[PDB]
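# What the coordinates show
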Amino acid sequence: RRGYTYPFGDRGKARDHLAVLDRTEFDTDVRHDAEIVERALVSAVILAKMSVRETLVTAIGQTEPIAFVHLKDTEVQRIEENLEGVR
Amino acid sequence: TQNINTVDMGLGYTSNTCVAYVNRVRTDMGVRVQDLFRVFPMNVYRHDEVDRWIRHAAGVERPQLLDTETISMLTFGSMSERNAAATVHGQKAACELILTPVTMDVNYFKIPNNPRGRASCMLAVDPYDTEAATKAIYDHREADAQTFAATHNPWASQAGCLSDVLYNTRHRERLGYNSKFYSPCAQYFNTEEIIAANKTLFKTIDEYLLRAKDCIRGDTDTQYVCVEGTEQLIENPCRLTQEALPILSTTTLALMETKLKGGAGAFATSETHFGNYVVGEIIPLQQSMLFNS
Amino acid sequence: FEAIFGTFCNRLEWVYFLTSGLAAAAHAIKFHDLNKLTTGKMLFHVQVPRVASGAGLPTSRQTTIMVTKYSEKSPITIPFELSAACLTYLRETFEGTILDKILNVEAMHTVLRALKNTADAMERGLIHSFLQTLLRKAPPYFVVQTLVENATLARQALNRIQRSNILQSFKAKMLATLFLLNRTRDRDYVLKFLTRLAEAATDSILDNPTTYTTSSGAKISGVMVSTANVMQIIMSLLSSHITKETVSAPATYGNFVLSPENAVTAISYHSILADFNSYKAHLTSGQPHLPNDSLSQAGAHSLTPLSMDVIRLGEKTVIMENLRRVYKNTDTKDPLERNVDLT
Amino acid sequence: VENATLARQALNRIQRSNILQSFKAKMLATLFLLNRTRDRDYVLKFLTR
Amino acid sequence: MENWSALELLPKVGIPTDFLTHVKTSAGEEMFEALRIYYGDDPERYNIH
Amino acid sequence: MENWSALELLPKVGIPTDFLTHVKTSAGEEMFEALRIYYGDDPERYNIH
Amino acid sequence: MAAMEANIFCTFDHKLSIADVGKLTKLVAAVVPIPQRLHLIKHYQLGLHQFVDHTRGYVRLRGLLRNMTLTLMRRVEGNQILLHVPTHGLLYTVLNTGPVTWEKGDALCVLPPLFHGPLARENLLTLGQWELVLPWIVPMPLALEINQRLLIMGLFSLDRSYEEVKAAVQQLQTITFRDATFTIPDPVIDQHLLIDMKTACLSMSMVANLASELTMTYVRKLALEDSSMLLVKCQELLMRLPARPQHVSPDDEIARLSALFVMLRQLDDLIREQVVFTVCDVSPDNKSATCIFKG
Amino acid sequence: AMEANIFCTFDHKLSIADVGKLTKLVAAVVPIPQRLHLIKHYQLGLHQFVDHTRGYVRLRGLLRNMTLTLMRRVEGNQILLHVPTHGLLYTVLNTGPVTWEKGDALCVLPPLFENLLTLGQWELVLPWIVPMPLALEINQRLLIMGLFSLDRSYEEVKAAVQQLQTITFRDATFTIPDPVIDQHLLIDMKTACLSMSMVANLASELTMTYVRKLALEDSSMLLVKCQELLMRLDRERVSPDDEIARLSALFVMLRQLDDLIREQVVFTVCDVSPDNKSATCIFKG
Amino acid sequence: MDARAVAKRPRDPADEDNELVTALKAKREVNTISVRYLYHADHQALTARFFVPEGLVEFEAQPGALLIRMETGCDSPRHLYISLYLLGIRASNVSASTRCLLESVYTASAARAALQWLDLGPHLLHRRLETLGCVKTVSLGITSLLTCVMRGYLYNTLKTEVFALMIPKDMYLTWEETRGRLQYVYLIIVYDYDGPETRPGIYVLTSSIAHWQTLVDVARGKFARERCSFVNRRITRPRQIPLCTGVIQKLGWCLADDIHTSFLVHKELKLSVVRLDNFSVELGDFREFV
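Now for a quick tour of the structure. (Residues numbered from 1 in each chain as written, not as in the entry; some residues may be left out. Chains lettered and ligands numbered in written order. Part of a larger assembly, values for the part shown. Heavy atoms only, no water.)

### A few points about the overall build of chain B
Here is the rule: For helices the rule is a DSSP run of H or I covering at least 4 residues; for strands it is a run of E covering at least 2, with both sets numbered from the N terminus onward. Accessible area is worked out with a 1.4 Å probe on protein chains only. A residue is then buried under 20% of its type maximum, exposed over 50%, and partly exposed in between. Note on definitions: a residue-residue contact is assigned when non-hydrogen atoms from the two residues lie within 4.5 Å. Residue exposure ignores everything except the shown protein chains as possible cover, and the areas themselves are Shrake-Rupley values with a 1.4 Å probe. Think of it this way: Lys and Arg go in the positive column, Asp and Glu in the negative one, and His and the chain ends go nowhere. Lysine's charge is taken at NZ, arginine's at CZ, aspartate's at CG and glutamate's at CD.
Counting its regular elements, chain B contains twelve helices and four strands. Once the C-alpha set of chain B is aligned to its principal axes, its extents read approximately 65 × 60 × 50 Å. The buried share among the 293 residues of chain B stands at 45%. For chain B, the share of sequence-separated contacts (at least 6 apart) that also reach a separation of at least 24 residues comes to 66%. Surface exposure of chain B reaches about 15,400 Å², of which carbon and sulfur atoms provide 59%. Distance between charge centroids for chain B: 2 Å, based on 27 positive and 34 negative side chains.

Right under this line is the structure:
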């Protein structure tokens, strides 16, 4: 919904990534959820970076990595420690 | 404005027209087959990856059109593919391809014939008897004309077969159809038009003069149909006869080499090897046209 | 310095319907009141001889048919435009100075030149429209040849086998004569093709017996037209049968007008019978047949000579002319350059 | 000469291709005219044309 | 329907003419715009109003 | 259904007619058949065809 | 059958004196209303006096005058007056009836007359308990202020007590315009004005609801660091109680503000009269002007 | 036969090339301030009105008060202007950046952008002729960009302003100017924006009492639903002299916004040439 | 300038020569053209020419009808010229029989495309449409020619006969029982917001009222249900932005005695219409009321 409401400098790419984003209901299988959430998260991160107008890796095959944006170092340290505990 | 009023003081036909002298041909006569995706731009394969693979391998770009409303505009009619870079030869003669069984009697090609596999000239059937005309044109349980077998092309003759549902302009409208493209075999499958056309002989030729003709754009590399008024219509003996002409074609280079090597008059003679053959043009067009050029 | 030599204005050439050979194919009648009516009908009454049959066989009956012929309407239009400068200067003067005189001369000449060009274009459009209506009704060669060979072989509405044979002749002769001049040039074949093509048409219903006569010899019957290239080819080939000739043509349109007894019936019953007084006189006198039809009466009287080509097809004389002049530098494509396509 | 009557307008692509076809045909046919033939009627026709 | 009785009663102009095909075939094959055909003698011409 | 244009255009004879009732009532109460009651000036009488 | 007349003759039937036709001649080129159009009419139908009734509600008179047709006076002669209906877009001359001063380049409206000063000028053909009361032609700001004050007074009449209403009415009854002042006669509250109140309050609540967050917060944000007399007055009129904007959406915002634009237009049309005249240069004595008739 | 015309004399000398440059505008629209008979060239166009502090909406208001005229043939030392009269038809030159179609409605806007001939202290500028939907869209977008002027620092506002700034129409994709300069607002834009925001603000807290009082009586019964809508808006979030002053402020602020609320339907169009710069239309008041 | 010239009567196009006659008199030349009297010389009505596809021309083969321009955002023809009779197929203010008849008659290919374009977009009919006055000639074909008047008295070329304007019966509405000899006619569009679709109504209104405020007052009085529907949708469904429960456009002035009721026939199908003979067109733009 936020992607729908927001403006952009190049609307077509945002619409394409929203289209790959806006239908990702889980297929009730343990294996499939990880790959589909991986794809959805890639789309979400690229959409966020385009919204900020930060640079994005356009090199072929070298797809955008999963990362936070604009969060403080203390919070990301806490989140990474929590994920390490999850592991 | 000077409104003139004419009365035809001729009981019979008092005036005749004839095609005296022929100039160079605007079409390349080539095998440069036309894009079905352009004429049917709507359809896509269900699984998107399969569609991507087929469109990538085939050589046709994925169609995209503004919003939904453009599809109604396209169905109303729009010229929608780019002119080629260069044209030493004239217009890209559209070839339509109709699926056909392997076993078809090869002799079917060697004479002027209807490519649908079922002779359907409307000067033969009784006038204004739509039932008899429908029986002649579709009923494959009664002997055909000009070839008393039921049909020579099961996939092309029947009412529900491929070549009728694909080519017939009234049936084609049930599917994605850009009206601008002049499909070569449209006049051979408009069963509704053909059934409407079977008037009495004198009225038949009068309609042939008045309304049976069509038009082709002269400005464009491809067979776009025009709105009537800017360019004059095209005379079409094939529409009157409901037949088609054979053209010199061979399935091995050796026989074509003999046709080139032989003297005058070799174009009009057919000949067959074990598995290769030549079908000769019934009219000596390839010689006469180049004679004056 | 830069030198400008003599400036040239185009010496536009005039052309007329009557001066063209196509006028011989036509009968031209002028009628100032044409705008009001939209219906023109002619009627034909014919009784067909019946041969007395032999014994036993079914006998014929005294039989007639009555048929009518109708009118086709095809008005033509031409626009022409004037600017504000000509329109305001044509009706105004400013101090009477020399430059104002120049402007007045220019405006008057501009409007009159536009009128002259429009009149020439209207005449060209009239001949163009006549060719359109003539060609749109003419059937091709193979159908008329098939009909002329089958004249006796039908004496009724067509039966199935007869029309099957008609279709066979159609296909055979269509393959035979889809092109003529590019295929064969043996002069006998082309001359006999031309005479067959001429004999195929039935003669006109109403002769103007003192029009389009050769200067001394005989009466002209046919008119045929082609583009300049075909005409050059034919003139080169048939040079033995080609002659130059001066022919007499009607110098002006024929005048047809409403007599008052026509006008009263126009007001009362929305109809006019032409040559009304002749009809009433020959009706009350009790005589069946009239000397001339109204159309022939309307024909023009004066004659003027003009030069054109003519050839013989055997007791028939036909007129040659190529219409390249009427579209020499115009816009519309000449209708005689037709496109034909095959599958 | 032959294509004079077909287009007194902006010369379109297809007509241009026909012009080039006539170029290719006639250039080969009339390169060494008088060497190729001495037919009196043909040479007179060529000169008149 | 046209007033055929007017055609029959009124005087005529005598023109010799021949159709390309046989006359009965041209009427039967629908080449004319409108036709009225009778066999024998129709007395309708003698009734006027 | 009557050719009223003929009645307008054609010449006519002068008479001192005397309707029994006031004439507008006779037109209003359809004493006659086939009436026409146009007010003002109706230009339709001019379109002769 | 029928034809729409453009030249209208009015005939008197009272045995006029010389002073009556003299005062008629002074009225040449003025504007008069007529309820129906014919070639020849009686004087009783001409002028606004026929409509006055003991209630004398001003809103009733304004509404009635809105429906009427306007005409100009030309070629006054003995007991026969010619009135010419104006045709849209043509150039006409007019002599102003009321005392309101005109200016070039502005627009004019039609209103029923007002109480001005001693109320001296009623000499207009008073005869047989009938009189020629003419409408006023006034410039746009004065008419808009009159309509504004009537509607505001009507709104104030609600939710207030009798004496508060009396004080407010006695204040609003006055108007000042271009060095002149005028008083509104009989501005009594009536059901005609109640219809206007209902539609105006509906439109006002609609513009209140349609307003977006940014539009509402704009004035309060600008007061933070700007300062001017206009701003301080505007803030003083409003009640008294940085950050990133809560929501940004130009598409939804433009749709909302277009709807609010339509609603503001509807609210504004309540006070806008029909723009009858657009004016050109005026005689320096202010008596007569050249104008174009519109609407 | 002469007609009504306006004479204009160029006070500065005009070279032959300048006259040839001007003659290309045979039938363009030119506004004049007052309907004189012999006007001086300084009055033509909109150059004398342009200012460095005053903004676009002031030009719109002045153009509404302006008198529209049409051009006629330029000749020796004088140029002729024809003032139109309602319901006749005229020829106009489409100086605007938007092409026209048959049956389009047109209105005049102050300009936003070869160039036209200039003098030592003078330039000639003409207003735009635009179809009505695009005029509404451009006024809406420019006014809304006036609103965002205060928040410009944040990047969301910059992106939104850029998106609003671009306008698309039939084969037209030009960009309109940003109504802010040096992060400041031109004063007329400030007045218009403040007036709209105030008339929005005043209605929120004024309507409730009058609406709830009228709710007792409405037989059309939709005013009660209006009251309920206002109460739902409340859920989403005095001396009589102050009250009367507030009402007066509301209506005067609304009248201030009336400068932008209504559109003059100046022209309606008749078929256009492929020379599309030139078109014919009928003049409407 | 001189006193006699000022006092002289105005110029007389009534008997003075036309310009072409003046030129041909000047050179003493004669063309075959009947140059003397110019047709349409005295015409006051402003005429436009429009091209339309063959499908829409039905019910315009009879002279006299409202011609409406509708918008389509596609690159290919941006505007399509539609008739008021066809527009009724979309309105909810048409009886089932009349809508069925119009749906059967207009089943040509081009018409249904316009119907798709009318409701395939989010915007209401108000923003999509614009009026072009009255149409008065036919020239049939695959593409047909229409001629139309935008400020006019409605007449044939020679003015031999006045041309009426026909309105379908279901759309015709009157708000007074007695008619003054002059009354105006307006185009009315109203919207129903209670239904899922924004269902539009199409109306044509004759009234003796010329002033906008009172006309809008009466309109809001009669259309109270539709106004309540607008308010109901506004309160019920937030984040939706409805607008203008009804819109008005002024189109005509006519003399009330002229009005008649008549039937109209095409394709041997019969339609019921209301007819205004001595009609004239005056055009204003659309305007909104709430």
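Still to come is the rest of the account.
### Section: the interface of chain H and chain G
The line we're drawing: The term buried area refers to how much accessible surface (probe radius 1.4 Å) is lost by two components on association, counted for both of them together. Salt-bridge detection follows one rule: a side-chain nitrogen of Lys or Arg within 4 Å of a carboxyl oxygen of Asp or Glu. Pairing of N or O atoms within 3.5 Å defines a polar contact, subject to two protein rules: one partner must be a possible hydrogen donor and the other a possible acceptor, and residues neighboring in sequence count only if both atoms are side-chain atoms. Note on residue classes: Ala, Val, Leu, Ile, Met, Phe, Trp, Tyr, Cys and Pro are nonpolar, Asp, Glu, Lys and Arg are charged, and everything else, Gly too, is polar.
The interface of chain H with chain G comprises 71 residues on the first partner and 65 residues on the second. A buried area of about 6,600 Å², summed over both sides, lies between chain H and chain G, and 71% of it is on carbon and sulfur atoms. If you look at where chain H meets chain G, you find nine salt bridges. Here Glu156 of chain H makes a salt bridge to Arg244 of chain G, at a shortest N to O gap of 3.7 Å. The interface formed by chain H and chain G includes 16 residue pairs in polar contact. Secondary-structure elements contributing two or more residues to the side of chain H that touches chain G are α3 (132-148), α4 (155-165), α5 (187-214), α6 (222-236) and α7 (240-261) of chain H. When residues in the side of chain H that touches chain G are grouped by element, the largest group, 21 residues, is from α5 of chain H. Here the residues of the side of chain H that touches chain G are counted per class, giving 41 nonpolar, 14 polar and 16 charged.

### As for the packing of aromatic side chains
Rule in force here: Any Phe, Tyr or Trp ring, taking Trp's six-membered ring, that has another such ring centre within 6.5 Å forms a pair; planes under 30 degrees apart are called stacked, those over 60 apart edge-to-face, and the others tilted. Both a distance and an angle decide whether a charge sits over a ring: NZ of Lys or CZ of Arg must be within 6 Å of the ring centre and within 35 degrees of the ring normal.
Applying the stated criterion across every chain, the model contains 27 aromatic pairs over all chains. Summarising the aromatic geometry, the rings of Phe31 of chain C and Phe256 of chain C are spaced 5.4 Å apart at their centres and angled 25° between planes, so their arrangement reads as stacked. Here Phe256 of chain C lies in the loop between β7 (254-255) and α8 (260-269) and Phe31 of chain C lies in the loop between β1 (29-30) and β2 (42-47), a separation of 225 residues in the sequence. A relative accessible area of 18% places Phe31 of chain C in the buried class. Of the residues examined, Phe256 of chain C reaches a relative accessible area of 29% and is grouped as partly exposed. In this structure an aromatic cluster arises from ring pairing among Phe113, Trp128 and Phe174 of chain H. One residue, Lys250 of chain I, lies across the ring of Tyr184 of chain I, its end atom 6.0 Å from the ring centre.

### Re the pairing of strand β6 (residues 165-168) of chain I
Residue and element names in this part refer to chain I. Filter applied, for reference: Note on pairing: two strands pair once DSSP finds at least 2 bridges between them.
Neither face of β6 is left uncovered, since the one carrying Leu165 and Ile167 and the one carrying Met166 and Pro168 both have all their residues buried. Both β6 and strand β12 (residues 269-276) contribute to a ladder of four bridges, which runs antiparallel. Among the inter-strand pairings, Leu165 is bridged to a residue of β12, identified as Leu276.

### A word on the state of the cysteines
To keep it simple, the criterion reads: For this text, the term disulfide refers to a pair of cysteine sulfurs within 2.5 Å.
Taken as a whole and judged by the stated rule, the model has one disulfide over all chains. Two residues, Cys215 of chain B and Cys226 of chain B, share a disulfide whose sulfurs are 2.0 Å apart. The S-S bond linking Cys215 of chain B to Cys226 of chain B shows a torsion near -135°; that makes this disulfide left-handed. Separated by eleven residues along the polypeptide, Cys215 of chain B in the loop between α9 (201-210) and α10 (237-241) and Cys226 of chain B in the loop between α9 and α10 bring together distant segments of the chain. Across the pair, exposure class does not vary: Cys215 of chain B and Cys226 of chain B are buried alike. Free of any disulfide, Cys281 of chain H has its nearest neighbouring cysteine sulfur in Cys270 of chain H, separated by 7.8 Å.

### Looking at the interface of chain C and chain B
On the chain B side, the residues contacting the 62 residues of chain C number 59 residues. Buried area between chain C and chain B, summed over both chains or domains, comes out near 6,200 Å², and the portion from carbon and sulfur atoms is 64%. Taken together, the links from chain C to chain B amount to four salt bridges. The residue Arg160 of chain C makes a salt bridge to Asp126 of chain B at a minimum N-O spacing of 3.4 Å. Seen at the junction of chain C and chain B, the total is 24 residue pairs in polar contact. Among the elements of the structure, β2, β4 (71-73), α3 (98-135), α4 (141-149), α5 (160-176), α6 (187-200) and α7 (228-237) of chain C are those that each provide at least two residues to the side of chain C that touches chain B.

### Remarks on the sheet that holds strand β11 (residues 260-266) of chain I
Residue and element names in this part refer to chain I. Short version of the rule: Note on method: axes are straight lines fitted to C-alpha atoms, helices fitted across the in-contact stretch only, with angles between N-to-C directions ranging 0 to 180 degrees.
One open sheet accounts for three strands, arranged β6-β12-β11; its pairing is antiparallel. The open sheet has two edge strands with one neighbour each: β6 and β11. Here the strands of the sheet are splayed against their neighbours by 45° on average, with no regard to which way each runs.

### Points about α4 of chain C
The element α4 of chain C is largely enclosed, with a buried count of seven among its nine residues. The elements touched by buried residues of α4 of chain C are α9 and α10 of chain B together with α5 and α6 of chain C.

### Let's talk about the packing of α5 of chain H against α7 of chain H
All names here are of chain H. Quick note on the threshold: Under this scheme an angle from 65 to 115 degrees is roughly perpendicular, one under 35 degrees roughly parallel, and one over 145 degrees roughly antiparallel; angles in between are oblique. Left-handed describes a crossing whose near helix is turned anticlockwise from the far helix by less than a right angle; the clockwise case is right-handed.
Between α5 and α7, whose axes approach to 9 Å, the crossing angle comes to 140°. It follows from the interaxial angle that α5 and α7 lie oblique. Considering only the axes of α5 and α7, their crossing is left-handed. Residues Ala192, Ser195, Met196, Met198, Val199, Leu202, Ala203, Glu205, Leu206 and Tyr210 of α5 form the contact with α7, whose participating residues are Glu243, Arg246, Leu247, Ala249, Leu250, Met253, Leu254, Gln256 and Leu257.

### Things to note about the environment of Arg211 of chain B
Residues and elements named next belong to chain B. Along the chain, the position of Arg211 falls in the loop between α9 and α10. A residue is classified by how much of its surface remains accessible, and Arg211, at 56% relative accessible area, is exposed. Taking the C-alpha atoms as reference points, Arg211 and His273, 62 residues apart in sequence, are found 45 Å from one another.

### A word on the pattern of salt bridges
Inspection of the entire model under this criterion finds 77 salt bridges over all chains. Salt-bridge contacts for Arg225 of chain I lead to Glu226 of chain I; the nearest nitrogen and oxygen are separated by 2.6 Å. Given the relative accessible area of 47%, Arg225 of chain I is considered partly exposed. The class of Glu226 of chain I is buried, set by a relative accessible area of 14%. Counted as one network, the salt bridges with shared partners bring together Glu8, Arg36, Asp41, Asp42, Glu44 and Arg45 of chain E.

### Quick notes on the side chain of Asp151 of chain H
Position of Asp151 of chain H among the secondary structure elements: in the loop between α3 and α4. Polar contacts involving the side chain of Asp151 of chain H include one to the side chain of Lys221 of chain G, which spans 2.7 Å. Beyond its immediate stretch of four places on either side in the chain, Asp151 of chain H contacts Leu214, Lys221 and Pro245 of chain G together with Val157 of chain H.

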